[PDB]
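**Student:** This structure is in structure tokens; I'll ask about it shortly.
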Amino acid sequence: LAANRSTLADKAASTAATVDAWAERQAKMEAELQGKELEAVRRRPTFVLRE
Amino acid sequence: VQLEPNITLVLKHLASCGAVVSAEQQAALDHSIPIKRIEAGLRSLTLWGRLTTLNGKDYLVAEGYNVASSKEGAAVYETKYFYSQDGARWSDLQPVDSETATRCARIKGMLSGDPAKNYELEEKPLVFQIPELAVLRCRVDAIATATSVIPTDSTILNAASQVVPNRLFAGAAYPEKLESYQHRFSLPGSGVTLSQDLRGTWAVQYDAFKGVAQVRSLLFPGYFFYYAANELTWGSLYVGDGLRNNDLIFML
Amino acid sequence: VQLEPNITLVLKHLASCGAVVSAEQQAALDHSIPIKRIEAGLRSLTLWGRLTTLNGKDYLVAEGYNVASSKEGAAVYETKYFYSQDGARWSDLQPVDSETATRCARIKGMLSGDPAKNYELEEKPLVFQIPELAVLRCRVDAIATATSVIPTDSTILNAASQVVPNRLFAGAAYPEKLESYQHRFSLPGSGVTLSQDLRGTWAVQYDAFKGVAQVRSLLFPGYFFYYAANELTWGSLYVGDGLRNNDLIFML
Amino acid sequence: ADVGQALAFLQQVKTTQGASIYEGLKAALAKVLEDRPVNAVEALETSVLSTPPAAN
């Protein structure tokens, strides 16, 4: 009985962990997207002038 | 064992406690609750209570939810509230920020009955305008976190760690004692009941012949709960202006 | 899953079908049923029906029992019947012999409403005098052996070979089909449902949005059964003079 | 000393609808102790060692 309730708590923790992991992934990808976009928006004069 | 409180039985058992609704509103509820429950995608939706107003258009408040889960030692119900002033058309009762929660907590008196009204508060002189529906939501939240009564061990935890009805519930052994009841947000098997509340904030009257217990809140006078033990049903209702009773120490 | 039909829910759901009781009789029942149930030692006692009379004092009939057992392929309920004419004081409705059962079956018309009256029959010219309560008990027996409707698989057999509520019953999968319901005296798992009855003697109206099915008997017009699927409750009631509809073939 | 012999015997024989009668009884007892049911002795045959026909 004790083992089964421990296992249940463990599995619920696992599910919460997966939700947290996917949230982290989305945050990181959005951060990278914003970084790319800012880098691109910075080099626009150097593009329209030189290249 | 019931699966959801029945508004007919609630209004029948708690009518002696003065918790009544108009006849037109009773019929209108009988039609409107299923419509809103379906078109909101909710598994449960019931009449939570009725708050009196100064212009005679009392607010009926309904509460619904889909599933309850155990988080951080609490049985959290992702509840959603709706209000109405005729019993036929339900509108949303949107949550309120934490900063505004304090301000609406400072507003007292019977509500106006005009959802477009807004009260004024003054601070260091910065004036805030608080909409009436904010005050209504805050009063409902306070009353809900205070009472939310169910019988003890009527819920249970399942494999997915969700709080579900205990369909093998046999009933409260001693229905006239506060140990037989608990808050909704207490996990099953946690041993926390209404007897752990501040002593003197609950009253229990038990008719041992018919088997009907009535639990009244004295901290929020107007919250009534009933438990019928021969048919294993139960349910609660709030009726009143929504203000807490702060003079309780002088009234006991 | 309910444990016993609730008279409040029955009167609420079957009121559209005209199965109603007086207000005074409703209150009187709310008091009188528990008293008689306790002082008779019965586990279950409910309102079975109401038979109209010529003098305005309709007979209320209540049915109770203690335990149901499987005998000879039938789920036998050792039932006991009581009658009343005000809803406050219940008297016994004693069984009738088999020989008298035929004679009272021959007596037709609306009952008189005088429990001391006795009708007369003539045979080869030997005259019999049949008491009115005998006629009442046999009409009740006929209607009971004809309908006695419960949902399918709502009961179950236990170790002592007794028929007990199936507390893990999940509900009827298709509530608008006659396969979802059965007679009370059919053993669990026997596969005999209302669809095995004479085709055309039952009508089913199912409100798929609210989840309330109504099963009406056409052979005994006046017997109504309701099944609410979102709350998992059900219950039946007879209201009428108690005579069978023999012209059914011409009316369908 | 017969206790260990009986234990090996029970953990040996397989259930009709499973295996290791010992472990079947152990799961039954764990389920009964998880939620002490109404009329546990009667619930042994109607809820744990079987399944009612319209359960889900």
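By order of appearance in the structure tokens: chains A, B, ..., then residues from 1 within every chain, and ligands from 1 in the order shown.
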Residues of chain D within 8 Å of chain A, using only C-alpha atoms, as a PyMOL selection string?
**Tutor:** chain D and resi 30-31+33-34
**Student:** Keeping C-alpha atoms, export the residues of the selection given above as a tab-separated table (two decimals), in the first residue's frame.
**Tutor:**
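After the write, selection_31.tsv holds the following:
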```
chain	number	residue	atom	x	y	z
D	30	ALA	CA	-3.89	-3.74	-0.65
D	31	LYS	CA	-6.98	-2.59	-2.53
D	33	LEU	CA	-6.89	-1.35	2.77
D	34	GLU	CA	-6.51	1.51	0.29
```
**Student:** Residues near range 230-238 of chain C, anyone? I mean within 7 Å using only C-alpha atoms, not counting same-chain ones fewer than 3 positions away, as a PyMOL selection string.
**Tutor:** (chain B and resi 3-4) or (chain C and resi 1-2+5+10+48-50+171+211+222-227)
**Student:** Do me a favour and pick out the residues of chain B within 12 Å of chain C, using only C-alpha atoms, as an MDAnalysis selection string.
**Tutor:** chainID B and resid 1:13 27 30:39 43:45 165:171 208:211 228:233
**Student:** Quick one: residues within 12 Å of residue 179 in chain C, only C-alpha atoms counted, chain neighbours fewer than 5 positions away excluded, as a list in words?
**Tutor:**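 Within the cut-off, the hits are residues 149, 150, 151, 152, 153, 172, 173, 174, 191, 192, 193, 194, 195, 196, 197, 202, 204 and 215 of chain C.
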**Student:** If you keep N, CA and C atoms, can you produce a file of those selected residues as a short mmCIF file (atom, residue, chain, number, x, y, z; two decimals), in the first residue's frame?
**Tutor:**
```cif
data_model
loop_
_atom_site.label_atom_id
_atom_site.label_comp_id
_atom_site.auth_asym_id
_atom_site.auth_seq_id
_atom_site.Cartn_x
_atom_site.Cartn_y
_atom_site.Cartn_z
N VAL C 149 -40.30 -1.23 -13.11
CA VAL C 149 -39.16 -0.95 -13.99
C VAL C 149 -37.97 -0.45 -13.19
N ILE C 150 -36.78 -0.97 -13.51
CA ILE C 150 -35.51 -0.43 -13.03
C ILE C 150 -34.55 -0.36 -14.21
N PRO C 151 -33.42 0.33 -14.11
CA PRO C 151 -32.43 0.27 -15.19
C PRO C 151 -31.75 -1.08 -15.24
N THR C 152 -31.18 -1.38 -16.40
CA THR C 152 -30.50 -2.65 -16.59
C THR C 152 -29.12 -2.62 -15.97
N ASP C 153 -28.79 -3.69 -15.25
CA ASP C 153 -27.52 -3.86 -14.55
C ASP C 153 -27.34 -2.87 -13.41
N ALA C 172 -26.87 3.86 -18.10
CA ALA C 172 -27.31 3.25 -19.34
C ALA C 172 -26.58 3.89 -20.51
N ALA C 173 -26.00 3.06 -21.37
CA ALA C 173 -25.24 3.59 -22.50
C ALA C 173 -26.15 4.31 -23.48
N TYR C 174 -27.31 3.74 -23.78
CA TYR C 174 -28.26 4.32 -24.73
C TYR C 174 -29.59 4.49 -24.01
N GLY C 191 -30.13 -10.99 -19.23
CA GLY C 191 -30.35 -10.48 -20.57
C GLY C 191 -31.79 -10.21 -20.94
N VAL C 192 -32.72 -10.34 -20.01
CA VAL C 192 -34.13 -10.04 -20.27
C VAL C 192 -34.38 -8.59 -19.91
N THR C 193 -34.82 -7.80 -20.89
CA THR C 193 -35.06 -6.38 -20.71
C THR C 193 -36.50 -6.07 -21.12
N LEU C 194 -36.81 -4.78 -21.21
CA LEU C 194 -38.14 -4.38 -21.64
C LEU C 194 -38.35 -4.60 -23.12
N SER C 195 -37.28 -4.77 -23.90
CA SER C 195 -37.45 -5.06 -25.31
C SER C 195 -38.00 -6.46 -25.55
N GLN C 196 -37.94 -7.34 -24.55
CA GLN C 196 -38.56 -8.65 -24.67
C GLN C 196 -40.05 -8.60 -24.38
N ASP C 197 -40.57 -7.47 -23.92
CA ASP C 197 -42.00 -7.34 -23.71
C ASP C 197 -42.72 -7.25 -25.04
N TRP C 202 -44.70 -0.10 -24.56
CA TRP C 202 -43.89 0.89 -23.86
C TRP C 202 -43.58 2.04 -24.80
N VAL C 204 -40.97 5.59 -25.00
CA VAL C 204 -39.79 6.20 -24.40
C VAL C 204 -39.58 7.56 -25.05
N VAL C 215 -40.24 6.75 -19.48
CA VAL C 215 -40.79 5.52 -20.01
C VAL C 215 -42.22 5.41 -19.52
#
```
**Student:** Quick one: distance from CA of residue 86 in chain B to CA of residue 29 in chain B in Å, one decimal?
**Tutor:**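 Distance reported for this atom pair: 9.0 Å.
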**Student:** Determine which residues of range 107-161 of chain C receive a DSSP assignment of strand (DSSP E or B), computed from the backbone, and state them as number ranges by chain.
**Tutor:** C: 111, 118-123, 126-131, 149-151, 155-157
**Student:** Please identify all residues of chain B having at least one atom at most 9 Å from any atom of chain A, considering only C-alpha atoms, and return them as a list in words.
**Tutor:**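 Filtering chain B at 9 Å from chain A with only C-alpha atoms gives residues 158, 159, 160 and 161 of chain B.
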**Student:** Output C-alpha atoms of each residue in that selection to a file, as a CSV table (one decimal), in the first residue's frame.
**Tutor:**
```
chain,number,residue,atom,x,y,z
B,158,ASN,CA,-7.5,8.3,-8.4
B,159,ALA,CA,-4.5,7.0,-10.4
B,160,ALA,CA,-4.0,10.2,-12.2
B,161,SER,CA,-3.9,12.0,-8.9
```
**Student:** At what distance in Å, to one decimal, does CA of residue 55 in chain B lie from CA of residue 135 in chain B?
**Tutor:**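 Spanning CA of residue 135 in chain B to CA of residue 55 in chain B is a straight-line distance of 16.6 Å.
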**Student:** Select residues of chain D: the criterion is any atom within 12 Å of an atom of chain C, counting only C-alpha atoms; output as a ChimeraX atom specification.
**Tutor:** /D:37-56
**Student:** Just how far from CA of residue 198 in chain C is CA of residue 52 in chain C, in Å to one decimal?
**Tutor:** 27.3 Å
**Student:** For residue 22 in chain D, list every protein, DNA or RNA residue within 7 Å, evaluated using only C-alpha atoms, and leave out those in the same chain fewer than 3 positions away; present the list as a ChimeraX atom specification.
**Tutor:** /D:10-11,25-26
**Student:** So that I can see what lies close to residue 105 in chain C, please list as a PDB file with C-alpha atoms, in the first residue's frame the residues with an atom at most 10 Å from it, counting only C-alpha atoms and leaving out residues fewer than 3 positions away in the same chain.
**Tutor:**
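Contents of around.pdb, freshly written:
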```
ATOM      1  CA  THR C 100     -60.591 -14.367  -4.989  1.00  0.00           C
ATOM      2  CA  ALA C 101     -57.971 -12.918  -7.351  1.00  0.00           C
ATOM      3  CA  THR C 102     -60.054 -13.995 -10.345  1.00  0.00           C
ATOM      4  CA  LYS C 108     -64.192  -3.024 -13.198  1.00  0.00           C
ATOM      5  CA  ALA C 134     -59.291  -6.894  -2.082  1.00  0.00           C
ATOM      6  CA  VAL C 135     -59.964  -5.235  -5.442  1.00  0.00           C
ATOM      7  CA  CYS C 138     -55.217  -7.122  -6.859  1.00  0.00           C
ATOM      8  CA  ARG C 139     -55.138  -4.063  -9.132  1.00  0.00           C
ATOM      9  CA  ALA C 142     -51.418  -6.644 -11.596  1.00  0.00           C
ATOM     10  CA  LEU C 243     -57.636  -0.708 -14.956  1.00  0.00           C
TER      11      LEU C 243
END
```
**Student:** List every residue of chain D that DSSP, applied to the backbone of this structure, assigns to alpha helix (DSSP H), and report them as a ChimeraX atom specification.
**Tutor:** /D:2-12,21-34,40-43
**Student:** Write out as a count of residues only each polymer residue whose atoms come within 10 Å of residue 54 in chain C, counting only C-alpha atoms; drop sequence neighbours fewer than 5 positions from it.
**Tutor:** 7
